[PDB]
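This report concerns only the one structure given below.
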Amino acid sequence: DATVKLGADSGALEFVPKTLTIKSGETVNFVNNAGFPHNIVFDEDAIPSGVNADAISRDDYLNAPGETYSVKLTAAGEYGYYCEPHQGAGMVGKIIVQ
Ligand SMILES: [Cu+2]
């Protein structure tokens, strides 16, 4: 399992780390750090076919400080995802599942 802080302590709205590599079946914990509310809307494109992004997409917004979203990715492949509220600011990421 690996943990992604949503936003740096400085206030910058970025996925930390932006490019994360995990193994098949590892859980990603997206812990709110700064800039909340945040959400994780996996992109339908640039992903394993079948639009699995929607099922693993966080439509709701994490608002409480330290709120953690835990998602298990078993399918191998890059997952290109982005934070909608800060999508224009470049708050995106990619999770290589092997
Ligand atoms: Cu954000």
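If you go along the chain as it appears here, the first residue is 1 and each next one adds 1.
Keep in mind that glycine also has a Cβ here, set from the backbone N, Cα and C atoms.
Here is what Swiss-Prot records for this protein:
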DOMAIN    1-98  domain 'Plastocyanin-like'
BINDING   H38, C83, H86, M91  Cu cation binding site
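Each of the binding-site residues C83, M91 was ranked by the number of other C-beta atoms within 10 Å, and first place falls to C83. Secondary structure counts, DSSP: the domain 'Plastocyanin-like' (1-98) has 6 helix, 38 strand, 54 coil. Taking the binding-site residues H38, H86 in turn and counting surrounding C-beta atoms within 10 angstroms, the largest count is reached at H38.
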